[PDB]
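To be precise, the following lines are data_23.cif, and they hold mmCIF, C-alpha atoms and all ligand atoms.
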```
data_upload
loop_
_atom_site.label_atom_id
_atom_site.label_comp_id
_atom_site.auth_asym_id
_atom_site.auth_seq_id
_atom_site.Cartn_x
_atom_site.Cartn_y
_atom_site.Cartn_z
CA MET A 1 0.00 0.00 0.00
CA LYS A 2 1.47 3.38 -1.13
CA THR A 3 0.44 7.01 -0.94
CA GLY A 4 1.10 9.84 -3.48
CA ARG A 5 0.02 12.49 -5.97
CA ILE A 6 -1.60 12.07 -9.37
CA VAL A 7 0.49 13.90 -11.88
CA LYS A 8 -1.13 12.51 -15.10
CA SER A 9 -4.60 11.21 -16.22
CA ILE A 10 -4.41 9.34 -19.58
CA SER A 11 -7.40 7.45 -20.95
CA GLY A 12 -8.48 6.37 -17.51
CA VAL A 13 -4.99 5.42 -16.24
CA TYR A 14 -3.59 7.56 -13.34
CA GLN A 15 0.11 8.12 -12.98
CA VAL A 16 0.91 8.58 -9.29
CA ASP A 17 4.20 10.03 -8.10
CA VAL A 18 5.61 8.67 -4.89
CA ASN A 19 8.76 10.70 -4.12
CA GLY A 20 9.86 10.53 -7.75
CA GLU A 21 8.72 7.01 -8.56
CA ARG A 22 5.85 6.71 -11.03
CA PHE A 23 3.04 4.11 -10.92
CA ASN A 24 0.23 3.72 -13.45
CA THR A 25 -3.03 2.95 -11.62
CA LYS A 26 -6.73 2.33 -12.19
CA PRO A 27 -9.42 3.32 -9.77
CA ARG A 28 -11.48 0.73 -7.92
CA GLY A 29 -14.47 0.98 -5.51
CA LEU A 30 -16.45 4.29 -5.61
CA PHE A 31 -13.56 5.80 -7.58
CA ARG A 32 -14.58 4.01 -10.75
CA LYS A 33 -17.78 6.13 -10.94
CA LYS A 34 -17.75 9.48 -12.78
CA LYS A 35 -19.08 11.28 -9.70
CA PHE A 36 -16.04 10.16 -7.59
CA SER A 37 -13.50 10.08 -10.40
CA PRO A 38 -9.91 10.93 -9.61
CA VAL A 39 -8.37 14.13 -10.94
CA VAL A 40 -4.78 15.26 -11.42
CA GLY A 41 -3.45 16.72 -8.10
CA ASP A 42 -5.34 14.20 -5.97
CA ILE A 43 -3.52 12.49 -3.10
CA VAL A 44 -4.35 8.78 -3.24
CA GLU A 45 -3.74 5.46 -1.53
CA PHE A 46 -3.11 2.65 -3.95
CA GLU A 47 -2.17 -1.06 -3.95
CA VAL A 48 0.93 -1.89 -5.97
CA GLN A 49 0.72 -4.54 -8.73
CA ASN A 50 3.19 -5.43 -11.58
CA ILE A 51 6.06 -3.39 -9.95
CA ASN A 52 5.03 -0.04 -11.56
CA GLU A 53 1.15 -0.35 -11.63
CA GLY A 54 -1.66 -0.27 -9.08
CA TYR A 55 -5.23 0.10 -7.97
CA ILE A 56 -6.41 3.27 -6.33
CA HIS A 57 -8.34 2.36 -3.24
CA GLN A 58 -8.77 5.82 -1.65
CA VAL A 59 -8.66 9.35 -2.90
CA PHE A 60 -8.16 11.63 0.07
CA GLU A 61 -10.66 14.44 0.56
CA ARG A 62 -9.70 17.40 -1.70
CA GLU A 63 -8.54 20.58 0.02
CA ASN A 64 -9.54 22.54 -3.11
CA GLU A 65 -10.04 22.03 -6.77
CA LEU A 66 -10.48 23.68 -10.13
CA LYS A 67 -13.01 22.25 -12.55
CA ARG A 68 -11.59 23.44 -15.89
CA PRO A 69 -8.98 22.32 -16.13
CA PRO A 70 -9.77 19.73 -13.43
CA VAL A 71 -6.87 19.93 -10.94
CA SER A 72 -6.92 19.47 -7.12
CA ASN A 73 -4.87 20.34 -4.04
CA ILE A 74 -3.13 23.40 -5.35
CA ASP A 75 -0.78 24.87 -2.76
CA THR A 76 -0.11 28.23 -4.42
CA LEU A 77 -1.94 29.90 -7.30
CA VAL A 78 0.55 32.21 -8.97
CA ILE A 79 -1.32 34.99 -10.82
CA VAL A 80 0.89 36.05 -13.78
CA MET A 81 0.38 39.55 -15.09
CA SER A 82 2.42 41.38 -17.72
CA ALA A 83 3.66 44.90 -17.02
CA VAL A 84 3.34 45.78 -20.75
CA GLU A 85 1.98 43.92 -23.80
CA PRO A 86 -0.70 44.07 -22.38
CA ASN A 87 -0.35 46.84 -19.88
CA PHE A 88 -0.60 45.95 -16.17
CA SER A 89 -4.23 46.15 -15.03
CA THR A 90 -5.41 46.33 -11.41
CA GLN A 91 -8.94 45.77 -12.72
CA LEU A 92 -7.90 42.37 -14.18
CA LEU A 93 -5.70 41.53 -11.21
CA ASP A 94 -8.38 42.20 -8.67
CA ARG A 95 -10.76 39.98 -10.65
CA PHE A 96 -8.26 37.14 -10.88
CA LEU A 97 -7.80 37.44 -7.10
CA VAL A 98 -11.56 37.26 -6.48
CA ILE A 99 -11.66 34.04 -8.53
CA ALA A 100 -8.66 32.53 -6.73
CA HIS A 101 -10.10 33.16 -3.28
CA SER A 102 -13.56 31.87 -4.41
CA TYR A 103 -11.76 28.52 -4.99
CA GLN A 104 -10.11 28.72 -1.58
CA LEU A 105 -6.59 29.12 -3.04
CA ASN A 106 -3.43 30.78 -1.62
CA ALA A 107 -2.53 33.42 -4.20
CA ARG A 108 0.60 35.29 -5.04
CA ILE A 109 1.32 37.88 -7.73
CA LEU A 110 3.95 37.64 -10.49
CA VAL A 111 4.47 40.58 -12.88
CA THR A 112 6.53 39.89 -15.98
CA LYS A 113 8.30 41.79 -18.77
CA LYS A 114 10.14 44.19 -16.51
CA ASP A 115 12.97 44.46 -19.09
CA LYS A 116 10.69 46.15 -21.50
CA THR A 117 8.83 48.33 -19.14
CA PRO A 118 9.82 52.02 -19.09
CA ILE A 119 11.55 52.77 -15.80
CA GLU A 120 9.06 55.47 -14.74
CA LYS A 121 6.29 52.87 -15.26
CA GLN A 122 8.27 50.33 -13.28
CA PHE A 123 8.22 52.75 -10.38
CA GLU A 124 4.40 53.20 -10.63
CA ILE A 125 3.97 49.37 -10.73
CA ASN A 126 6.18 48.89 -7.71
CA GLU A 127 3.96 51.31 -5.77
CA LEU A 128 0.86 49.39 -6.85
CA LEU A 129 2.51 46.13 -5.81
CA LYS A 130 3.26 47.57 -2.39
CA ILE A 131 -0.50 48.11 -1.94
CA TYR A 132 -1.00 44.40 -2.66
CA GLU A 133 1.79 43.54 -0.19
CA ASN A 134 -0.12 45.64 2.39
CA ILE A 135 -3.21 43.40 1.76
CA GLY A 136 -0.98 40.39 2.43
CA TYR A 137 0.23 39.02 -0.90
CA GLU A 138 3.72 38.12 -1.95
CA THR A 139 4.61 39.95 -5.17
CA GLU A 140 7.48 39.74 -7.65
CA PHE A 141 8.24 41.84 -10.72
CA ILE A 142 10.62 40.11 -13.12
CA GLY A 143 11.98 40.19 -16.60
CA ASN A 144 14.52 38.53 -18.87
CA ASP A 145 17.48 39.54 -16.68
CA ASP A 146 16.08 37.27 -13.87
CA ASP A 147 16.71 33.58 -13.26
CA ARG A 148 13.25 32.06 -13.68
CA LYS A 149 14.28 28.69 -12.26
CA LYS A 150 15.63 30.33 -9.03
CA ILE A 151 12.26 32.18 -8.84
CA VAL A 152 10.21 29.05 -9.05
CA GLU A 153 12.27 27.03 -6.62
CA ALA A 154 12.14 29.77 -4.06
CA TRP A 155 8.27 29.55 -4.14
CA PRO A 156 6.40 27.74 -1.38
CA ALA A 157 6.51 23.94 -1.34
CA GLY A 158 3.90 21.73 -3.09
CA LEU A 159 1.73 22.23 -6.15
CA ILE A 160 2.15 25.56 -7.93
CA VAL A 161 -0.35 26.44 -10.61
CA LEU A 162 0.21 29.44 -12.90
CA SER A 163 -2.82 31.37 -13.87
CA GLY A 164 -3.05 34.21 -16.41
CA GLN A 165 -3.82 35.17 -19.99
CA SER A 166 -2.05 33.68 -22.99
CA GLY A 167 0.86 36.04 -23.75
CA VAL A 168 1.84 37.00 -20.18
CA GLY A 169 4.82 34.68 -19.96
CA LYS A 170 3.73 31.41 -18.35
CA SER A 171 5.32 29.00 -20.85
CA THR A 172 8.57 30.85 -20.40
CA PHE A 173 8.56 29.61 -16.85
CA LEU A 174 7.08 26.19 -17.55
CA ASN A 175 9.61 25.23 -20.32
CA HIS A 176 12.16 24.99 -17.47
CA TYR A 177 10.34 21.84 -16.12
CA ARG A 178 9.41 19.97 -19.25
CA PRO A 179 10.54 16.32 -19.68
CA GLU A 180 10.98 17.56 -23.24
CA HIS A 201 -5.88 17.34 -19.30
CA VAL A 202 -3.39 18.99 -16.99
CA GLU A 203 -0.13 17.32 -16.23
CA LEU A 204 2.06 18.18 -13.24
CA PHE A 205 5.80 18.46 -13.58
CA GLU A 206 8.27 18.00 -10.84
CA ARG A 207 10.20 20.64 -9.06
CA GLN A 208 12.45 20.36 -6.08
CA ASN A 209 9.93 20.73 -3.24
CA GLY A 210 6.84 19.92 -5.23
CA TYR A 211 5.22 20.28 -8.61
CA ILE A 212 4.18 22.89 -11.18
CA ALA A 213 1.19 22.55 -13.45
CA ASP A 214 1.39 22.47 -17.22
CA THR A 215 -1.89 24.30 -17.81
CA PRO A 216 -3.06 27.51 -16.25
CA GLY A 217 -5.87 27.47 -13.77
CA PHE A 218 -7.94 30.19 -15.26
CA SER A 219 -6.68 32.08 -18.29
CA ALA A 220 -10.14 33.65 -18.32
CA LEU A 221 -12.68 34.92 -15.85
CA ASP A 222 -15.70 32.90 -14.69
CA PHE A 223 -17.84 34.37 -11.92
CA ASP A 224 -20.88 32.02 -12.29
CA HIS A 225 -20.43 30.25 -8.95
CA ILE A 226 -20.07 33.51 -6.97
CA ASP A 227 -22.87 35.18 -5.05
CA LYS A 228 -22.92 38.97 -4.71
CA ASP A 229 -22.60 38.48 -0.99
CA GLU A 230 -19.31 36.59 -1.14
CA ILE A 231 -17.44 39.20 -3.20
CA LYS A 232 -16.43 41.12 -0.05
CA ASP A 233 -14.85 37.95 1.41
CA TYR A 234 -12.44 37.85 -1.52
CA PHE A 235 -11.14 41.43 -1.18
CA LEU A 236 -9.02 40.53 1.84
CA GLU A 237 -8.58 44.02 3.30
CA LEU A 238 -12.33 44.65 2.96
CA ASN A 239 -12.99 41.35 4.75
CA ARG A 240 -10.54 42.20 7.46
CA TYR A 241 -11.71 45.80 8.08
CA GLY A 242 -15.32 44.61 7.70
CA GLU A 243 -14.85 42.88 11.03
CA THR A 244 -15.78 46.08 12.87
CA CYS A 245 -18.56 47.32 10.63
CA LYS A 246 -21.84 47.74 12.64
CA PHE A 247 -23.70 45.20 10.49
CA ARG A 248 -22.31 41.64 10.54
CA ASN A 249 -23.04 41.28 6.80
CA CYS A 250 -22.24 44.91 5.79
CA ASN A 251 -21.65 45.09 2.03
CA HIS A 252 -19.91 48.46 2.50
CA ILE A 253 -22.06 50.22 -0.11
CA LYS A 254 -24.74 52.37 1.50
CA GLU A 255 -24.70 51.05 5.08
CA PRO A 256 -24.18 53.44 7.99
CA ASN A 257 -21.34 52.86 10.50
CA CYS A 258 -19.17 51.04 7.95
CA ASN A 259 -15.51 50.56 8.89
CA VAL A 260 -14.49 49.88 5.20
CA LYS A 261 -15.75 53.33 4.22
CA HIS A 262 -13.93 54.83 7.27
CA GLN A 263 -10.66 53.08 6.37
CA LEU A 264 -11.10 54.11 2.78
CA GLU A 265 -11.50 57.70 3.93
CA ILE A 266 -8.33 57.67 6.07
CA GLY A 267 -6.24 56.04 3.32
CA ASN A 268 -5.93 52.48 4.61
CA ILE A 269 -7.77 50.92 1.66
CA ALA A 270 -6.84 51.97 -1.89
CA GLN A 271 -9.55 53.73 -3.87
CA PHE A 272 -9.05 51.48 -6.89
CA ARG A 273 -9.63 48.37 -4.73
CA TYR A 274 -12.85 49.78 -3.36
CA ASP A 275 -13.88 50.91 -6.89
CA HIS A 276 -13.29 47.46 -8.27
CA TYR A 277 -15.26 45.88 -5.44
CA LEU A 278 -18.20 48.14 -6.20
CA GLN A 279 -18.01 47.41 -9.92
CA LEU A 280 -17.91 43.71 -9.40
CA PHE A 281 -20.60 43.73 -6.75
CA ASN A 282 -22.89 45.55 -9.18
CA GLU A 283 -21.82 43.49 -12.17
CA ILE A 284 -22.03 40.05 -10.63
CA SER A 285 -25.72 40.13 -10.03
CA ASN A 286 -26.58 40.86 -13.64
CA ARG A 287 -27.71 38.38 -16.19
CA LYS A 288 -25.19 36.99 -18.73
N1 LIG B 301 10.86 40.88 -22.87
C1 LIG B 301 10.23 39.92 -22.21
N2 LIG B 301 9.43 39.09 -22.90
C2 LIG B 301 8.77 38.10 -22.30
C3 LIG B 301 8.92 37.93 -20.86
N3 LIG B 301 8.20 36.92 -20.50
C4 LIG B 301 7.62 36.47 -21.61
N4 LIG B 301 7.96 37.14 -22.68
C5 LIG B 301 7.48 36.93 -24.04
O1 LIG B 301 6.09 37.12 -24.10
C6 LIG B 301 5.54 36.24 -25.03
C7 LIG B 301 4.58 35.24 -24.35
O2 LIG B 301 5.23 34.36 -23.49
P1 LIG B 301 4.80 32.90 -23.11
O3 LIG B 301 5.77 32.43 -22.17
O4 LIG B 301 4.59 32.13 -24.30
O5 LIG B 301 3.42 33.26 -22.51
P2 LIG B 301 2.17 32.38 -22.15
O6 LIG B 301 2.71 31.09 -21.95
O7 LIG B 301 1.53 33.10 -21.05
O8 LIG B 301 1.22 32.51 -23.19
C8 LIG B 301 6.72 35.61 -25.72
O9 LIG B 301 7.23 36.45 -26.75
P3 LIG B 301 7.21 36.18 -28.33
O10 LIG B 301 5.96 36.75 -28.79
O11 LIG B 301 7.60 34.78 -28.41
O12 LIG B 301 8.35 37.09 -28.85
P4 LIG B 301 9.84 37.04 -28.26
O13 LIG B 301 9.77 37.99 -27.15
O14 LIG B 301 10.01 35.57 -28.11
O15 LIG B 301 10.79 37.62 -29.26
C9 LIG B 301 7.71 35.57 -24.61
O16 LIG B 301 9.03 35.36 -25.04
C10 LIG B 301 9.80 38.87 -20.17
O17 LIG B 301 9.95 38.77 -18.98
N5 LIG B 301 10.41 39.81 -20.90
ZN ZN B 302 -19.00 47.95 6.06
#
```

Show the structure stored in the file as structure tokens.
Ligand SMILES: Nc1nc2c(ncn2[C@@H]2O[C@H](COP(=O)(O)OP(=O)(O)O)[C@@H](OP(=O)(O)OP(=O)(O)O)[C@H]2O)c(=O)[nH]1
Ligand SMILES: [Zn+2]
Amino acid sequence: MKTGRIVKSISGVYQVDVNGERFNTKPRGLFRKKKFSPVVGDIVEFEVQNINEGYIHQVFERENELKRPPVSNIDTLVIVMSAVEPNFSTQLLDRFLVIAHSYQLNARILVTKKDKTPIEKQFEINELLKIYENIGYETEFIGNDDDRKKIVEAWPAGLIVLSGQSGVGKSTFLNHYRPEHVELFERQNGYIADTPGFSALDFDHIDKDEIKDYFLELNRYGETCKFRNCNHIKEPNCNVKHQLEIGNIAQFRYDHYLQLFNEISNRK
């Protein structure tokens, strides 16, 4: 009996990594049904057969998961944004953060293409990134003069998934891990996923009421709003509006919250 992570799902066979060693397995029990089907990222217990094969007996309860692509137990969602081509957008970033937190994921922020960003713009982006650091995120701003493999290995242990639009620079990182459905590649201290989590933006699962939970500073300062479910829009005695007023929440963050709050409700 062995325990490990699914790094590949190929026509119903599940490659499980156990500290480097690969085993090709098939589900048994409940796990043969679509409704309980294993997914890449799952931690499983399997019985070994035929030296490098096995039967999955148990799939451990998922800590989190994405549906498209289907991938589970992500330890850090790295949101990849370009500084230029296309221009850095707090509007897009904030949205990608809302999605990440709606899936219960640890997020961090990676801005790319520093080498081709005008230096005055670099300075403006660094200030913006400091706001995100204030909220609690780790941020990096990198370009072609940086060692992308040192960057990745210094990230937290476990499963990293990159998320961002085509063109931001994800493959440039991933090509460092390629043996050369989502597939996970090995890194020292974990894995990194071959597909992004959410190149695009899907809010369908999100209720207007949850949006404040996913703006972390609003959630935190919302603690001392008079109303326990204050949405920080028209309510009296609102600590988010107070903190906004005395400069402890950025106006753009509040503006984006409002926009999303109003947008989210609407019909598609
Ligand atoms: N200057 C600079 N460019 C970056 C950086 N990161 C990524 N790029 C470039 O941006 C483009 C998209 O990168 P990918 O790595 O393919 O992005 P993706 O997977 O998110 O879609 C590529 O350029 P391309 O269209 O292939 O043209 P070229 O730049 O290869 O000449 C890539 O080389 C960076 O940090 N600095
Ligand atoms: Zn409030």

*Tell me, in Å to one decimal, how far atom CA of residue 122 of chain A is from atom CA of residue 94 of chain A.*
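Those two atoms sit 19.1 Å apart.
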
*asked:* Excluding residue 207 of chain A and its own-chain neighbours fewer than 2 positions away, which residues fall within 10 Å of it when counting all atoms listed in the file? Please give them as a ChimeraX atom specification.
replied: /A:149,152-153,157-160,176-177,204-205,209-212

*Name all residues at most 10 Å from residue 232 of chain A (count all atoms listed in the file; drop same-chain ones fewer than 5 positions away) and give them as an MDAnalysis selection string.*
chainID A and resid 98 237:240 242 249:252 274 277:278 280:281

Which residues of chain A come within 8 Å of ligand ZN 302 (chain B), and for each one, what is the closest pair of atoms and their distance in Å to one decimal, counting only C-alpha atoms and all ligand atoms, sorted by chain and residue number, as CSV?
```
residue,atom,partner,partner_atom,distance
A:241,CA,B:ZN302,ZN,7.9
A:242,CA,B:ZN302,ZN,5.2
A:244,CA,B:ZN302,ZN,7.8
A:245,CA,B:ZN302,ZN,4.6
A:246,CA,B:ZN302,ZN,7.2
A:247,CA,B:ZN302,ZN,7.0
A:249,CA,B:ZN302,ZN,7.8
A:250,CA,B:ZN302,ZN,4.5
A:251,CA,B:ZN302,ZN,5.6
A:252,CA,B:ZN302,ZN,3.7
A:253,CA,B:ZN302,ZN,7.3
A:255,CA,B:ZN302,ZN,6.6
A:256,CA,B:ZN302,ZN,7.8
A:257,CA,B:ZN302,ZN,7.0
A:258,CA,B:ZN302,ZN,3.6
A:259,CA,B:ZN302,ZN,5.2
A:260,CA,B:ZN302,ZN,5.0
A:261,CA,B:ZN302,ZN,6.5
```

*Straight-line distance linking atom CA of residue 117 of chain A with atom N1 of ligand LIG 301 (chain B), stated in Å to one decimal*: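 For atom CA of residue 117 of chain A relative to atom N1 of ligand LIG 301 (chain B), the distance reads 8.6 Å.
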
May I have a table of the residues of chain A lying at most 10 Å from ligand LIG 301 (chain B), giving each one's closest pair of atoms and their distance in Å to one decimal, counting only C-alpha atoms and all ligand atoms, ordered by chain and ascending residue number, as a Markdown table?
```
| residue | atom | partner | partner_atom | distance |
| --- | --- | --- | --- | --- |
| A:80 | CA | B:LIG301 | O7 | 7.9 |
| A:81 | CA | B:LIG301 | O7 | 8.9 |
| A:82 | CA | B:LIG301 | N3 | 7.8 |
| A:83 | CA | B:LIG301 | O17 | 9.0 |
| A:84 | CA | B:LIG301 | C1 | 9.2 |
| A:85 | CA | B:LIG301 | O1 | 8.0 |
| A:86 | CA | B:LIG301 | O1 | 9.9 |
| A:111 | CA | B:LIG301 | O17 | 8.4 |
| A:112 | CA | B:LIG301 | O17 | 4.7 |
| A:113 | CA | B:LIG301 | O17 | 3.4 |
| A:114 | CA | B:LIG301 | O17 | 6.0 |
| A:115 | CA | B:LIG301 | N5 | 5.6 |
| A:116 | CA | B:LIG301 | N1 | 5.4 |
| A:117 | CA | B:LIG301 | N1 | 8.6 |
| A:141 | CA | B:LIG301 | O17 | 9.0 |
| A:142 | CA | B:LIG301 | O17 | 6.0 |
| A:143 | CA | B:LIG301 | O17 | 3.4 |
| A:144 | CA | B:LIG301 | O17 | 4.6 |
| A:145 | CA | B:LIG301 | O17 | 7.9 |
| A:146 | CA | B:LIG301 | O17 | 8.1 |
| A:148 | CA | B:LIG301 | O17 | 9.2 |
| A:162 | CA | B:LIG301 | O7 | 9.0 |
| A:163 | CA | B:LIG301 | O7 | 8.6 |
| A:164 | CA | B:LIG301 | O7 | 6.6 |
| A:165 | CA | B:LIG301 | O7 | 5.8 |
| A:166 | CA | B:LIG301 | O8 | 3.5 |
| A:167 | CA | B:LIG301 | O8 | 3.6 |
| A:168 | CA | B:LIG301 | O7 | 4.0 |
| A:169 | CA | B:LIG301 | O5 | 3.2 |
| A:170 | CA | B:LIG301 | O6 | 3.8 |
| A:171 | CA | B:LIG301 | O6 | 3.5 |
| A:172 | CA | B:LIG301 | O3 | 3.7 |
| A:173 | CA | B:LIG301 | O3 | 6.6 |
| A:174 | CA | B:LIG301 | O3 | 7.9 |
| A:175 | CA | B:LIG301 | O3 | 8.4 |
| A:214 | CA | B:LIG301 | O6 | 9.9 |
| A:215 | CA | B:LIG301 | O6 | 9.2 |
| A:216 | CA | B:LIG301 | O7 | 8.7 |
| A:219 | CA | B:LIG301 | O7 | 8.7 |
```

*Excluding residue 9 of chain A and any residue of its chain fewer than 4 positions from it, enumerate the residues within 7 Å of it, using all atoms listed in the file, and give them as a ChimeraX atom specification.*
/A:13-15,40,201

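Distances from A:29, A:69, A:4, A:267 to residue 43 of chain A were compared using all atoms listed in the file, and the smallest one belongs to A:4.
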
*Suppose you want the space between atom CA of residue 275 of chain A and atom CA of residue 231 of chain A; what is it in Å?*
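Between atom CA of residue 275 of chain A and atom CA of residue 231 of chain A the gap is 12.8 Å.
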
_Which residue is closest to residue 56 of chain A? Choose from A:25, A:202, A:39, A:228 and count all atoms listed in the file._
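Counting all atoms listed in the file, the residue closest to residue 56 of chain A is A:25.
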
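Nearest residue to residue 287 of chain A, choosing from A:137, A:223, A:272, A:235 and counting only C-alpha atoms: A:223.
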
*From the list A:37, A:73, A:139, A:52, which residue is nearest residue 22 of chain A when using only C-alpha atoms?*
A:52

Model the absent atoms of segment 21-37 of chain A so that N, CA, C and O atoms are present, and write the result as a PDB file, in the coordinates of the input.
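Contents of selection-v1.pdb, as written:
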```pdb
ATOM      1  N   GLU A  21       9.066   8.237  -7.886  1.00  0.00           N
ATOM      2  CA  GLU A  21       8.720   7.010  -8.560  1.00  0.00           C
ATOM      3  C   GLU A  21       7.292   7.035  -9.110  1.00  0.00           C
ATOM      4  O   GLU A  21       6.379   7.339  -8.425  1.00  0.00           O
ATOM      5  N   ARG A  22       7.146   6.704 -10.372  1.00  0.00           N
ATOM      6  CA  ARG A  22       5.850   6.710 -11.030  1.00  0.00           C
ATOM      7  C   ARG A  22       5.168   5.331 -11.029  1.00  0.00           C
ATOM      8  O   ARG A  22       5.817   4.306 -11.170  1.00  0.00           O
ATOM      9  N   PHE A  23       3.849   5.325 -10.842  1.00  0.00           N
ATOM     10  CA  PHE A  23       3.040   4.110 -10.920  1.00  0.00           C
ATOM     11  C   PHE A  23       1.796   4.394 -11.725  1.00  0.00           C
ATOM     12  O   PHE A  23       1.124   5.386 -11.479  1.00  0.00           O
ATOM     13  N   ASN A  24       1.465   3.536 -12.677  1.00  0.00           N
ATOM     14  CA  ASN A  24       0.230   3.720 -13.450  1.00  0.00           C
ATOM     15  C   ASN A  24      -0.922   2.896 -12.835  1.00  0.00           C
ATOM     16  O   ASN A  24      -0.832   1.654 -12.746  1.00  0.00           O
ATOM     17  N   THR A  25      -1.986   3.587 -12.397  1.00  0.00           N
ATOM     18  CA  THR A  25      -3.030   2.950 -11.620  1.00  0.00           C
ATOM     19  C   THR A  25      -4.404   3.059 -12.260  1.00  0.00           C
ATOM     20  O   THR A  25      -4.608   3.850 -13.175  1.00  0.00           O
ATOM     21  N   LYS A  26      -5.337   2.237 -11.778  1.00  0.00           N
ATOM     22  CA  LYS A  26      -6.730   2.330 -12.190  1.00  0.00           C
ATOM     23  C   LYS A  26      -7.508   2.464 -10.918  1.00  0.00           C
ATOM     24  O   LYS A  26      -7.175   1.838  -9.922  1.00  0.00           O
ATOM     25  N   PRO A  27      -8.575   3.259 -10.945  1.00  0.00           N
ATOM     26  CA  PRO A  27      -9.420   3.320  -9.770  1.00  0.00           C
ATOM     27  C   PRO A  27     -10.212   2.045  -9.544  1.00  0.00           C
ATOM     28  O   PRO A  27     -10.588   1.400 -10.511  1.00  0.00           O
ATOM     29  N   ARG A  28     -10.469   1.715  -8.283  1.00  0.00           N
ATOM     30  CA  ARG A  28     -11.480   0.730  -7.920  1.00  0.00           C
ATOM     31  C   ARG A  28     -12.477   1.350  -6.913  1.00  0.00           C
ATOM     32  O   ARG A  28     -12.396   2.552  -6.581  1.00  0.00           O
ATOM     33  N   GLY A  29     -13.429   0.537  -6.439  1.00  0.00           N
ATOM     34  CA  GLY A  29     -14.470   0.980  -5.510  1.00  0.00           C
ATOM     35  C   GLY A  29     -15.280   2.120  -6.113  1.00  0.00           C
ATOM     36  O   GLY A  29     -15.403   2.205  -7.358  1.00  0.00           O
ATOM     37  N   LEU A  30     -15.769   3.014  -5.232  1.00  0.00           N
ATOM     38  CA  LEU A  30     -16.450   4.290  -5.610  1.00  0.00           C
ATOM     39  C   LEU A  30     -15.729   5.037  -6.704  1.00  0.00           C
ATOM     40  O   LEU A  30     -16.373   5.698  -7.514  1.00  0.00           O
ATOM     41  N   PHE A  31     -14.389   4.933  -6.729  1.00  0.00           N
ATOM     42  CA  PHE A  31     -13.560   5.800  -7.580  1.00  0.00           C
ATOM     43  C   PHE A  31     -13.628   5.469  -9.047  1.00  0.00           C
ATOM     44  O   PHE A  31     -13.125   6.235  -9.865  1.00  0.00           O
ATOM     45  N   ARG A  32     -14.297   4.366  -9.372  1.00  0.00           N
ATOM     46  CA  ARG A  32     -14.580   4.010 -10.750  1.00  0.00           C
ATOM     47  C   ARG A  32     -15.762   4.772 -11.326  1.00  0.00           C
ATOM     48  O   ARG A  32     -15.918   4.817 -12.532  1.00  0.00           O
ATOM     49  N   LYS A  33     -16.608   5.344 -10.480  1.00  0.00           N
ATOM     50  CA  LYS A  33     -17.780   6.130 -10.940  1.00  0.00           C
ATOM     51  C   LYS A  33     -17.389   7.525 -11.308  1.00  0.00           C
ATOM     52  O   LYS A  33     -16.462   8.081 -10.688  1.00  0.00           O
ATOM     53  N   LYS A  34     -18.095   8.117 -12.286  1.00  0.00           N
ATOM     54  CA  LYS A  34     -17.750   9.480 -12.780  1.00  0.00           C
ATOM     55  C   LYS A  34     -17.765  10.464 -11.627  1.00  0.00           C
ATOM     56  O   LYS A  34     -16.814  11.206 -11.423  1.00  0.00           O
ATOM     57  N   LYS A  35     -18.848  10.426 -10.872  1.00  0.00           N
ATOM     58  CA  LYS A  35     -19.080  11.280  -9.700  1.00  0.00           C
ATOM     59  C   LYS A  35     -17.961  11.297  -8.638  1.00  0.00           C
ATOM     60  O   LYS A  35     -17.868  12.267  -7.890  1.00  0.00           O
ATOM     61  N   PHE A  36     -17.146  10.235  -8.549  1.00  0.00           N
ATOM     62  CA  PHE A  36     -16.040  10.160  -7.590  1.00  0.00           C
ATOM     63  C   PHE A  36     -14.693   9.968  -8.290  1.00  0.00           C
ATOM     64  O   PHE A  36     -13.698   9.526  -7.686  1.00  0.00           O
ATOM     65  N   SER A  37     -14.654  10.341  -9.566  1.00  0.00           N
ATOM     66  CA  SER A  37     -13.500  10.080 -10.400  1.00  0.00           C
ATOM     67  C   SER A  37     -12.270  10.876  -9.939  1.00  0.00           C
ATOM     68  O   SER A  37     -12.378  12.078  -9.624  1.00  0.00           O
TER      69      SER A  37
END
```
